[PDB]
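Below is start.csv, holding CSV, N, CA and C atoms.
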chain,number,residue,atom,x,y,z
A,2,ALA,N,111.7,-123.0,-171.4
A,2,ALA,CA,111.5,-124.4,-171.5
A,2,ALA,C,110.2,-124.8,-170.8
A,3,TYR,N,110.1,-126.1,-170.4
A,3,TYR,CA,108.9,-126.6,-169.9
A,3,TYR,C,108.8,-126.3,-168.4
A,4,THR,N,107.5,-126.3,-167.9
A,4,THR,CA,107.2,-126.0,-166.5
A,4,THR,C,106.6,-127.3,-165.9
A,5,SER,N,107.4,-128.0,-165.1
A,5,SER,CA,106.9,-129.3,-164.5
A,5,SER,C,106.1,-129.0,-163.3
A,6,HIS,N,106.5,-128.0,-162.5
A,6,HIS,CA,105.9,-127.6,-161.2
A,6,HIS,C,105.0,-126.5,-161.4
A,7,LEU,N,104.3,-126.1,-160.3
A,7,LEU,CA,103.6,-124.8,-160.2
A,7,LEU,C,104.0,-124.2,-158.8
A,8,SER,N,105.0,-123.3,-158.8
A,8,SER,CA,105.4,-122.7,-157.6
A,8,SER,C,104.4,-121.7,-157.1
A,9,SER,N,104.2,-121.6,-155.8
A,9,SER,CA,103.1,-120.8,-155.3
A,9,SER,C,103.3,-120.3,-153.9
A,10,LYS,N,102.4,-119.5,-153.4
A,10,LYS,CA,102.3,-119.1,-152.0
A,10,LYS,C,100.8,-119.4,-151.6
A,11,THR,N,100.6,-119.2,-150.3
A,11,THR,CA,99.2,-119.5,-149.8
A,11,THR,C,98.6,-118.3,-149.0
A,12,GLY,N,99.3,-117.2,-149.0
A,12,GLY,CA,98.7,-116.0,-148.5
A,12,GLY,C,98.6,-115.9,-147.0
A,13,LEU,N,97.7,-115.0,-146.6
A,13,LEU,CA,97.5,-114.8,-145.1
A,13,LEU,C,96.0,-114.7,-144.9
A,14,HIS,N,95.5,-115.5,-144.0
A,14,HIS,CA,94.0,-115.6,-143.8
A,14,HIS,C,93.8,-116.1,-142.4
A,15,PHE,N,92.6,-115.9,-141.9
A,15,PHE,CA,92.1,-116.5,-140.7
A,15,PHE,C,90.6,-116.9,-140.9
A,16,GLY,N,90.3,-117.6,-142.0
A,16,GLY,CA,89.0,-118.0,-142.3
A,16,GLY,C,88.4,-117.3,-143.5
A,17,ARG,N,87.3,-116.6,-143.4
A,17,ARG,CA,86.8,-115.8,-144.5
A,17,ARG,C,87.7,-114.6,-144.8
A,18,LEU,N,88.2,-114.0,-143.7
A,18,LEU,CA,88.9,-112.7,-143.9
A,18,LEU,C,90.3,-113.0,-144.3
A,19,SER,N,90.7,-112.4,-145.5
A,19,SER,CA,92.0,-112.4,-146.0
A,19,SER,C,92.6,-111.0,-146.0
A,20,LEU,N,93.9,-110.8,-146.0
A,20,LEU,CA,94.5,-109.5,-146.0
A,20,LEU,C,94.3,-108.8,-147.3
A,21,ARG,N,94.1,-109.6,-148.4
A,21,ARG,CA,93.8,-109.0,-149.7
A,21,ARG,C,92.4,-108.4,-149.7
A,22,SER,N,91.4,-109.1,-149.1
A,22,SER,CA,90.1,-108.5,-149.0
A,22,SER,C,90.0,-107.3,-148.1
A,23,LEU,N,90.8,-107.2,-147.0
A,23,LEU,CA,90.7,-106.0,-146.2
A,23,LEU,C,91.5,-104.9,-146.8
A,24,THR,N,92.5,-105.2,-147.5
A,24,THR,CA,93.1,-104.1,-148.3
A,24,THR,C,92.2,-103.6,-149.4
A,25,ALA,N,91.4,-104.4,-150.0
A,25,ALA,CA,90.4,-104.0,-150.9
A,25,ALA,C,89.3,-103.2,-150.3
A,26,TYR,N,89.0,-103.5,-149.0
A,26,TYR,CA,87.9,-102.8,-148.3
A,26,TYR,C,88.3,-101.6,-147.4
A,27,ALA,N,89.6,-101.4,-147.2
A,27,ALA,CA,90.1,-100.4,-146.3
A,27,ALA,C,89.8,-98.9,-146.6
A,28,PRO,N,90.0,-98.4,-147.8
A,28,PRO,CA,89.6,-97.0,-148.1
A,28,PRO,C,88.1,-96.8,-147.8
A,29,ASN,N,87.3,-97.8,-148.1
A,29,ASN,CA,85.8,-97.6,-147.8
A,29,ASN,C,85.5,-97.9,-146.4
A,30,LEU,N,86.3,-98.6,-145.6
A,30,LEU,CA,86.2,-98.7,-144.2
A,30,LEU,C,86.5,-97.3,-143.6
A,31,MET,N,87.5,-96.6,-144.1
A,31,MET,CA,87.7,-95.2,-143.7
A,31,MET,C,86.6,-94.3,-144.1
A,32,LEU,N,86.0,-94.5,-145.3
A,32,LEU,CA,84.9,-93.7,-145.8
A,32,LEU,C,83.6,-93.9,-145.0
A,33,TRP,N,83.4,-95.2,-144.6
A,33,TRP,CA,82.3,-95.5,-143.7
A,33,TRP,C,82.5,-95.0,-142.3
A,34,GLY,N,83.7,-94.9,-141.8
A,34,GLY,CA,84.0,-94.2,-140.5
A,34,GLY,C,83.7,-92.8,-140.6
A,35,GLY,N,84.1,-92.1,-141.7
A,35,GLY,CA,83.7,-90.7,-141.9
A,35,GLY,C,82.2,-90.5,-142.0
A,36,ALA,N,81.5,-91.4,-142.7
A,36,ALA,CA,80.0,-91.3,-142.8
A,36,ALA,C,79.3,-91.5,-141.4
A,37,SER,N,79.8,-92.4,-140.6
A,37,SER,CA,79.2,-92.6,-139.3
A,37,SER,C,79.5,-91.5,-138.3
A,38,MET,N,80.7,-90.9,-138.4
A,38,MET,CA,81.0,-89.7,-137.6
A,38,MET,C,80.2,-88.5,-138.1
A,39,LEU,N,79.9,-88.4,-139.4
A,39,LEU,CA,79.0,-87.4,-139.8
A,39,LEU,C,77.6,-87.6,-139.3
A,40,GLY,N,77.2,-88.9,-139.2
A,40,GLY,CA,75.9,-89.2,-138.7
A,40,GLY,C,75.7,-88.9,-137.2
A,41,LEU,N,76.7,-89.1,-136.4
A,41,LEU,CA,76.6,-88.6,-135.0
A,41,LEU,C,76.8,-87.1,-134.9
A,42,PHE,N,77.5,-86.5,-135.8
A,42,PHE,CA,77.5,-85.0,-135.8
A,42,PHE,C,76.2,-84.4,-136.1
A,43,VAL,N,75.4,-85.2,-136.9
A,43,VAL,CA,74.0,-84.8,-137.1
A,43,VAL,C,73.2,-85.0,-135.8
A,44,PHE,N,73.4,-86.2,-135.2
A,44,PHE,CA,72.5,-86.6,-134.1
A,44,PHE,C,72.9,-86.0,-132.8
A,45,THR,N,73.9,-85.2,-132.7
A,45,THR,CA,74.2,-84.5,-131.5
A,45,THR,C,74.2,-83.0,-131.7
A,46,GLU,N,73.4,-82.4,-132.6
A,46,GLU,CA,73.5,-81.0,-132.9
A,46,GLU,C,72.6,-80.1,-132.0
A,47,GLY,N,71.6,-80.7,-131.3
A,47,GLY,CA,70.9,-79.9,-130.3
A,47,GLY,C,71.4,-80.1,-128.9
A,48,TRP,N,72.7,-80.6,-128.9
A,48,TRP,CA,73.3,-81.0,-127.7
A,48,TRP,C,74.3,-79.9,-127.3
A,49,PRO,N,74.3,-79.3,-126.1
A,49,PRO,CA,75.0,-78.0,-125.8
A,49,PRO,C,76.5,-78.2,-125.7
A,50,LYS,N,77.0,-79.3,-125.2
A,50,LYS,CA,78.4,-79.5,-124.9
A,50,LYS,C,79.2,-79.6,-126.2
A,51,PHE,N,78.7,-80.4,-127.2
A,51,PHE,CA,79.3,-80.6,-128.5
A,51,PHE,C,79.0,-79.4,-129.4
A,52,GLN,N,78.0,-78.6,-129.1
A,52,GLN,CA,77.8,-77.3,-129.7
A,52,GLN,C,78.9,-76.3,-129.4
A,53,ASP,N,79.1,-76.2,-128.1
A,53,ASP,CA,80.3,-75.3,-127.7
A,53,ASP,C,81.6,-76.0,-128.0
A,54,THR,N,81.7,-77.3,-128.2
A,54,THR,CA,83.0,-77.9,-128.3
A,54,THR,C,83.4,-78.0,-129.8
A,55,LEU,N,82.5,-78.4,-130.7
A,55,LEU,CA,82.9,-78.5,-132.1
A,55,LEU,C,82.0,-77.7,-133.0
A,56,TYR,N,80.7,-77.6,-132.8
A,56,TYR,CA,79.8,-77.2,-133.9
A,56,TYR,C,79.7,-75.7,-133.9
A,57,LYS,N,80.5,-74.9,-133.3
A,57,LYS,CA,80.5,-73.4,-133.4
A,57,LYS,C,81.9,-72.9,-133.8
A,58,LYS,N,82.7,-73.8,-134.5
A,58,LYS,CA,83.9,-73.4,-135.1
A,58,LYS,C,83.8,-73.2,-136.7
A,59,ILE,N,82.6,-73.5,-137.2
A,59,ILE,CA,82.3,-73.4,-138.6
A,59,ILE,C,82.3,-71.9,-139.0
A,60,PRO,N,82.9,-71.5,-140.1
A,60,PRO,CA,83.1,-70.0,-140.4
A,60,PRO,C,81.8,-69.3,-140.7
A,61,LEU,N,80.9,-69.9,-141.5
A,61,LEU,CA,79.7,-69.1,-141.8
A,61,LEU,C,78.5,-69.4,-140.8
A,62,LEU,N,78.4,-70.7,-140.4
A,62,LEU,CA,77.4,-71.1,-139.5
A,62,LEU,C,77.8,-71.1,-138.0
A,63,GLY,N,78.7,-70.2,-137.7
A,63,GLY,CA,79.2,-70.0,-136.3
A,63,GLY,C,78.2,-69.5,-135.4
A,64,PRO,N,77.8,-68.2,-135.6
A,64,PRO,CA,76.8,-67.6,-134.7
A,64,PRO,C,75.3,-68.0,-134.9
A,65,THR,N,75.1,-69.0,-135.8
A,65,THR,CA,73.8,-69.5,-136.1
A,65,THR,C,73.1,-70.3,-135.0
A,66,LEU,N,73.9,-70.8,-134.0
A,66,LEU,CA,73.4,-71.6,-132.9
A,66,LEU,C,73.5,-71.0,-131.6
A,67,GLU,N,74.2,-69.8,-131.5
A,67,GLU,CA,74.2,-69.1,-130.2
A,67,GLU,C,73.0,-68.4,-129.9
A,68,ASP,N,72.9,-67.8,-128.7
A,68,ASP,CA,71.8,-67.0,-128.2
A,68,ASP,C,72.1,-65.6,-128.1
A,69,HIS,N,71.2,-64.7,-128.7
A,69,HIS,CA,71.4,-63.3,-128.6
A,69,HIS,C,70.3,-62.6,-127.8
A,70,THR,N,69.7,-63.3,-126.8
A,70,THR,CA,68.9,-62.7,-125.9
A,70,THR,C,69.7,-62.0,-124.7
A,71,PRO,N,69.2,-60.9,-124.1
A,71,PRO,CA,69.9,-60.4,-123.0
A,71,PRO,C,69.6,-61.2,-121.7
A,72,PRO,N,70.5,-61.2,-120.7
A,72,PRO,CA,70.2,-61.9,-119.5
A,72,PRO,C,69.2,-61.1,-118.5
A,73,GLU,N,68.2,-60.6,-119.1
A,73,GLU,CA,67.1,-60.0,-118.4
A,73,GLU,C,65.7,-60.6,-118.7
A,74,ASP,N,65.7,-61.5,-119.7
A,74,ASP,CA,64.5,-62.2,-120.1
A,74,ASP,C,64.6,-63.7,-119.8
A,75,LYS,N,65.6,-64.1,-119.0
A,75,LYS,CA,65.6,-65.5,-118.5
A,75,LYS,C,65.4,-65.4,-117.0
A,76,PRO,N,64.6,-66.4,-116.5
A,76,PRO,CA,64.5,-66.4,-115.0
A,76,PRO,C,65.7,-67.0,-114.3
A,77,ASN,N,66.3,-68.0,-114.9
A,77,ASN,CA,67.5,-68.6,-114.3
A,77,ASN,C,68.7,-68.5,-115.3
B,112,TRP,N,55.9,-67.6,-111.0
B,112,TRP,CA,56.4,-66.2,-111.3
B,112,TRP,C,57.4,-66.2,-112.4
B,113,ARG,N,58.2,-67.3,-112.5
B,113,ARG,CA,59.3,-67.4,-113.5
B,113,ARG,C,58.8,-67.5,-114.9
B,114,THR,N,57.6,-67.8,-115.2
B,114,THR,CA,57.1,-67.9,-116.5
B,114,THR,C,56.7,-66.6,-117.1
B,115,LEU,N,56.6,-65.6,-116.3
B,115,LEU,CA,56.3,-64.2,-116.8
B,115,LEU,C,57.6,-63.5,-117.3
B,116,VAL,N,58.8,-64.0,-116.9
B,116,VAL,CA,60.0,-63.3,-117.2
B,116,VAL,C,60.3,-63.6,-118.7
B,117,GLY,N,60.4,-62.6,-119.5
B,117,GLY,CA,60.6,-62.7,-120.9
B,117,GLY,C,59.4,-62.9,-121.8
B,118,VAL,N,58.2,-62.9,-121.2
B,118,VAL,CA,57.0,-62.9,-121.9
B,118,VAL,C,56.3,-61.6,-121.8
B,119,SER,N,56.1,-61.1,-120.6
B,119,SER,CA,55.4,-59.9,-120.3
B,119,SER,C,56.2,-58.9,-119.5
B,120,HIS,N,57.1,-59.3,-118.7
B,120,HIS,CA,57.9,-58.4,-117.8
B,120,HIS,C,59.3,-58.8,-117.8
B,121,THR,N,60.1,-57.9,-117.3
B,121,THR,CA,61.6,-58.1,-117.1
B,121,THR,C,61.8,-58.9,-115.9
B,122,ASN,N,63.1,-59.4,-115.7
B,122,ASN,CA,63.4,-60.2,-114.5
B,122,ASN,C,63.2,-59.4,-113.2
B,123,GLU,N,63.7,-58.2,-113.1
B,123,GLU,CA,63.5,-57.4,-111.9
B,123,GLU,C,62.1,-57.0,-111.7
B,124,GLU,N,61.4,-56.7,-112.8
B,124,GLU,CA,60.0,-56.4,-112.8
B,124,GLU,C,59.2,-57.6,-112.2
B,125,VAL,N,59.6,-58.8,-112.4
B,125,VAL,CA,58.9,-59.9,-111.8
B,125,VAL,C,59.4,-60.2,-110.4
B,126,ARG,N,60.7,-59.9,-110.1
B,126,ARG,CA,61.2,-60.1,-108.8
B,126,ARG,C,60.6,-59.2,-107.8
B,127,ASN,N,60.3,-58.0,-108.2
B,127,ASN,CA,59.6,-57.1,-107.2
B,127,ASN,C,58.2,-57.4,-107.0
B,128,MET,N,57.5,-57.9,-108.0
B,128,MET,CA,56.1,-58.3,-107.8
B,128,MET,C,56.0,-59.6,-107.1
B,129,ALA,N,57.0,-60.4,-107.1
B,129,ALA,CA,57.0,-61.6,-106.3
B,129,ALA,C,57.3,-61.3,-104.8
B,130,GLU,N,58.3,-60.4,-104.6
B,130,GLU,CA,58.7,-60.0,-103.3
B,130,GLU,C,57.7,-59.1,-102.6
B,131,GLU,N,56.7,-58.6,-103.3
B,131,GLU,CA,55.6,-57.9,-102.6
B,131,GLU,C,54.5,-58.9,-102.0
B,132,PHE,N,54.8,-60.2,-102.0
B,132,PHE,CA,53.9,-61.2,-101.4
B,132,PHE,C,54.7,-62.0,-100.3
B,133,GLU,N,54.0,-62.9,-99.6
B,133,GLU,CA,54.6,-63.5,-98.5
B,133,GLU,C,54.1,-65.0,-98.5
B,134,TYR,N,55.1,-65.9,-98.5
B,134,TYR,CA,54.9,-67.3,-98.6
B,134,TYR,C,55.4,-68.0,-97.3
B,135,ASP,N,55.0,-69.3,-97.2
B,135,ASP,CA,55.4,-70.0,-96.0
B,135,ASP,C,56.8,-70.5,-96.0
B,136,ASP,N,57.6,-70.0,-95.1
B,136,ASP,CA,59.0,-70.5,-95.0
B,136,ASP,C,59.1,-71.8,-94.2
B,137,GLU,N,60.3,-72.4,-94.4
B,137,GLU,CA,60.6,-73.5,-93.5
B,137,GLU,C,60.7,-73.0,-92.1
B,138,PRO,N,60.3,-73.8,-91.1
B,138,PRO,CA,60.3,-73.3,-89.7
B,138,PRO,C,61.6,-73.2,-89.1
B,139,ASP,N,61.8,-72.3,-88.2
B,139,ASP,CA,63.1,-71.9,-87.7
B,139,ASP,C,63.7,-72.9,-86.8
B,140,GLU,N,64.8,-72.6,-86.1
B,140,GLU,CA,65.5,-73.6,-85.3
B,140,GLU,C,64.8,-73.9,-84.0
B,141,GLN,N,63.8,-73.1,-83.6
B,141,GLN,CA,62.9,-73.5,-82.5
B,141,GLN,C,61.6,-74.2,-82.9
B,142,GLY,N,61.5,-74.3,-84.2
B,142,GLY,CA,60.3,-75.0,-84.7
B,142,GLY,C,59.1,-74.1,-85.0
B,143,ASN,N,59.2,-72.8,-84.8
B,143,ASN,CA,58.1,-71.9,-85.0
B,143,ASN,C,57.9,-71.7,-86.5
B,144,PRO,N,56.7,-71.5,-86.9
B,144,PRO,CA,56.5,-71.2,-88.4
B,144,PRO,C,57.0,-69.8,-88.7
B,145,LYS,N,57.5,-69.7,-90.0
B,145,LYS,CA,58.1,-68.5,-90.5
B,145,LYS,C,57.5,-68.2,-91.8
B,146,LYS,N,57.7,-66.9,-92.3
B,146,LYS,CA,57.2,-66.5,-93.5
B,146,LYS,C,58.4,-65.9,-94.3
B,147,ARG,N,58.1,-65.6,-95.6
B,147,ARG,CA,59.2,-65.4,-96.5
B,147,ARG,C,58.7,-64.4,-97.6
B,148,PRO,N,59.6,-63.5,-98.1
B,148,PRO,CA,59.2,-62.8,-99.4
B,148,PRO,C,59.4,-63.8,-100.5
B,149,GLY,N,58.5,-63.6,-101.5
B,149,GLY,CA,58.4,-64.5,-102.6
B,149,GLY,C,59.7,-64.5,-103.5
B,150,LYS,N,59.9,-65.5,-104.3
B,150,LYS,CA,61.0,-65.6,-105.2
B,150,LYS,C,60.4,-66.0,-106.6
B,151,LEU,N,61.2,-66.2,-107.6
B,151,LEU,CA,60.7,-66.6,-108.9
B,151,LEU,C,60.2,-68.0,-109.0
B,152,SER,N,60.6,-68.9,-108.0
B,152,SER,CA,60.2,-70.2,-108.0
B,152,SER,C,58.7,-70.4,-107.6
B,153,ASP,N,58.2,-69.4,-106.9
B,153,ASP,CA,56.9,-69.6,-106.3
B,153,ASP,C,55.8,-69.4,-107.3
B,154,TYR,N,54.5,-69.6,-106.9
B,154,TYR,CA,53.4,-69.6,-107.7
B,154,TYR,C,52.6,-68.3,-107.3
B,155,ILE,N,51.7,-67.9,-108.3
B,155,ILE,CA,50.9,-66.7,-108.1
B,155,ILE,C,49.8,-67.0,-107.0
B,156,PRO,N,49.8,-66.3,-105.9
B,156,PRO,CA,48.9,-66.7,-104.8
B,156,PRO,C,47.5,-66.2,-105.0
B,157,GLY,N,46.6,-67.1,-104.7
B,157,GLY,CA,45.2,-66.7,-104.7
B,157,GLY,C,44.8,-65.7,-103.6
B,158,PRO,N,43.6,-65.2,-103.6
B,158,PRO,CA,43.2,-64.3,-102.6
B,158,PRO,C,42.6,-64.9,-101.4
B,159,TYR,N,42.3,-66.2,-101.4
B,159,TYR,CA,41.6,-66.9,-100.3
B,159,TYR,C,42.4,-68.0,-99.8
B,160,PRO,N,42.3,-68.3,-98.5
B,160,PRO,CA,43.1,-69.5,-98.0
B,160,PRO,C,42.5,-70.8,-98.3
B,161,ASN,N,41.2,-70.9,-98.5
B,161,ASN,CA,40.5,-72.2,-98.8
B,161,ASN,C,39.3,-71.9,-99.6
Target format C-alpha cells, applied to this file:
Amino acid sequence: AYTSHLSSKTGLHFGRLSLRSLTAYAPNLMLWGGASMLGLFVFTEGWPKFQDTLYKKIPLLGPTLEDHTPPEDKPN
Amino acid sequence: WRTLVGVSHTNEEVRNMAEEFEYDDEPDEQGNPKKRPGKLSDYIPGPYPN
C-alpha cells in the first residue's frame, strides 16, 4: 500500500568522521601502516641493532650484511 | 698507530711497533713524571722534540 512516513536512522558520527567512512578507509589504513613500516625498515638498514634484531633473518639476504673480516685487521 | 691495522700490518704487528716507543704517561702518585710503552691510540712520534 501507500507509504505516508519515511522511517530512518541517523547513524554514528562525530563531525566529519563517520563509522561508514572509516570502515571504507580501514583496509587501506592497514595498508598505509604496512607501507610506513616498510619505509622505516628502509630507513634503519645501516643501523646495527635492527640489523641484528630483524634484518638478518631473511633467508637469501641473511649473510649479506654481516662482516667476514678476521679480528686481526681491526684495531678495536 | 691504529690506522695501520688492516691496511698494511696486522694488529700484533702494529702493537709491537708501537710498544717499541715511549710516550708521556700520567704522573704517578707522588707527582713525578712517568713514561709509557705506546699503544694503538697514540700517534707516530717524530724524531725531534721541537
Mind listing as an MDAnalysis selection string which residues of chain B are within 7 Å of chain A, counting all atoms listed in the file? chainID B and resid 113 116:118 120:123
Take the selection from the previous step and output its residues with N, CA and C atoms, as a PDB file, in the frame of the given file.
ATOM      1  N   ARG B 113      58.200 -67.300-112.500  1.00  0.00           N
ATOM      2  CA  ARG B 113      59.300 -67.400-113.500  1.00  0.00           C
ATOM      3  C   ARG B 113      58.800 -67.500-114.900  1.00  0.00           C
ATOM      4  N   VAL B 116      58.800 -64.000-116.900  1.00  0.00           N
ATOM      5  CA  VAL B 116      60.000 -63.300-117.200  1.00  0.00           C
ATOM      6  C   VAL B 116      60.300 -63.600-118.700  1.00  0.00           C
ATOM      7  N   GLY B 117      60.400 -62.600-119.500  1.00  0.00           N
ATOM      8  CA  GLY B 117      60.600 -62.700-120.900  1.00  0.00           C
ATOM      9  C   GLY B 117      59.400 -62.900-121.800  1.00  0.00           C
ATOM     10  N   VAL B 118      58.200 -62.900-121.200  1.00  0.00           N
ATOM     11  CA  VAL B 118      57.000 -62.900-121.900  1.00  0.00           C
ATOM     12  C   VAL B 118      56.300 -61.600-121.800  1.00  0.00           C
ATOM     13  N   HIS B 120      57.100 -59.300-118.700  1.00  0.00           N
ATOM     14  CA  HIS B 120      57.900 -58.400-117.800  1.00  0.00           C
ATOM     15  C   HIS B 120      59.300 -58.800-117.800  1.00  0.00           C
ATOM     16  N   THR B 121      60.100 -57.900-117.300  1.00  0.00           N
ATOM     17  CA  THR B 121      61.600 -58.100-117.100  1.00  0.00           C
ATOM     18  C   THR B 121      61.800 -58.900-115.900  1.00  0.00           C
ATOM     19  N   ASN B 122      63.100 -59.400-115.700  1.00  0.00           N
ATOM     20  CA  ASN B 122      63.400 -60.200-114.500  1.00  0.00           C
ATOM     21  C   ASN B 122      63.200 -59.400-113.200  1.00  0.00           C
ATOM     22  N   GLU B 123      63.700 -58.200-113.100  1.00  0.00           N
ATOM     23  CA  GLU B 123      63.500 -57.400-111.900  1.00  0.00           C
ATOM     24  C   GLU B 123      62.100 -57.000-111.700  1.00  0.00           C
TER      25      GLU B 123
END
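Atom to atom, atom C of residue B:158 and atom C of residue B:137 stand 21.9 Å apart.
Reported to one decimal place, the separation of atom C of residue A:66 from atom CA of residue A:52 is 7.9 Å.
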Would you please give, as a short mmCIF file (atom, residue, chain, number, x, y, z; two decimals) with N, CA and C atoms, in the frame of the given file, all residues of stretch 4-45 of chain A that DSSP assigns to helix (DSSP H, G or I) based on the backbone?
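Result file follows (part-v2.cif):
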data_model
loop_
_atom_site.label_atom_id
_atom_site.label_comp_id
_atom_site.auth_asym_id
_atom_site.auth_seq_id
_atom_site.Cartn_x
_atom_site.Cartn_y
_atom_site.Cartn_z
N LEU A 20 93.90 -110.80 -146.00
CA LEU A 20 94.50 -109.50 -146.00
C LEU A 20 94.30 -108.80 -147.30
N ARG A 21 94.10 -109.60 -148.40
CA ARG A 21 93.80 -109.00 -149.70
C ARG A 21 92.40 -108.40 -149.70
N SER A 22 91.40 -109.10 -149.10
CA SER A 22 90.10 -108.50 -149.00
C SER A 22 90.00 -107.30 -148.10
N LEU A 23 90.80 -107.20 -147.00
CA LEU A 23 90.70 -106.00 -146.20
C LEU A 23 91.50 -104.90 -146.80
N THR A 24 92.50 -105.20 -147.50
CA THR A 24 93.10 -104.10 -148.30
C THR A 24 92.20 -103.60 -149.40
N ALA A 25 91.40 -104.40 -150.00
CA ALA A 25 90.40 -104.00 -150.90
C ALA A 25 89.30 -103.20 -150.30
N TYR A 26 89.00 -103.50 -149.00
CA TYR A 26 87.90 -102.80 -148.30
C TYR A 26 88.30 -101.60 -147.40
N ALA A 27 89.60 -101.40 -147.20
CA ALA A 27 90.10 -100.40 -146.30
C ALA A 27 89.80 -98.90 -146.60
N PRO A 28 90.00 -98.40 -147.80
CA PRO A 28 89.60 -97.00 -148.10
C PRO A 28 88.10 -96.80 -147.80
N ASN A 29 87.30 -97.80 -148.10
CA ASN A 29 85.80 -97.60 -147.80
C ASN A 29 85.50 -97.90 -146.40
N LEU A 30 86.30 -98.60 -145.60
CA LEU A 30 86.20 -98.70 -144.20
C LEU A 30 86.50 -97.30 -143.60
N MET A 31 87.50 -96.60 -144.10
CA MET A 31 87.70 -95.20 -143.70
C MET A 31 86.60 -94.30 -144.10
N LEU A 32 86.00 -94.50 -145.30
CA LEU A 32 84.90 -93.70 -145.80
C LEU A 32 83.60 -93.90 -145.00
N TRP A 33 83.40 -95.20 -144.60
CA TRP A 33 82.30 -95.50 -143.70
C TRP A 33 82.50 -95.00 -142.30
N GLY A 34 83.70 -94.90 -141.80
CA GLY A 34 84.00 -94.20 -140.50
C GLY A 34 83.70 -92.80 -140.60
N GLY A 35 84.10 -92.10 -141.70
CA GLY A 35 83.70 -90.70 -141.90
C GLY A 35 82.20 -90.50 -142.00
N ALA A 36 81.50 -91.40 -142.70
CA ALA A 36 80.00 -91.30 -142.80
C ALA A 36 79.30 -91.50 -141.40
N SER A 37 79.80 -92.40 -140.60
CA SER A 37 79.20 -92.60 -139.30
C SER A 37 79.50 -91.50 -138.30
N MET A 38 80.70 -90.90 -138.40
CA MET A 38 81.00 -89.70 -137.60
C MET A 38 80.20 -88.50 -138.10
N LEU A 39 79.90 -88.40 -139.40
CA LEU A 39 79.00 -87.40 -139.80
C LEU A 39 77.60 -87.60 -139.30
N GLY A 40 77.20 -88.90 -139.20
CA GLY A 40 75.90 -89.20 -138.70
C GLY A 40 75.70 -88.90 -137.20
N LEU A 41 76.70 -89.10 -136.40
CA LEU A 41 76.60 -88.60 -135.00
C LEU A 41 76.80 -87.10 -134.90
N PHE A 42 77.50 -86.50 -135.80
CA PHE A 42 77.50 -85.00 -135.80
C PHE A 42 76.20 -84.40 -136.10
N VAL A 43 75.40 -85.20 -136.90
CA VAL A 43 74.00 -84.80 -137.10
C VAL A 43 73.20 -85.00 -135.80
N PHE A 44 73.40 -86.20 -135.20
CA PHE A 44 72.50 -86.60 -134.10
C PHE A 44 72.90 -86.00 -132.80
#
Just how far from atom CA of residue A:65 is atom CA of residue A:36, in Å to one decimal?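 Straight-line distance from atom CA of residue A:36 to atom CA of residue A:65 works out to 23.6 Å.
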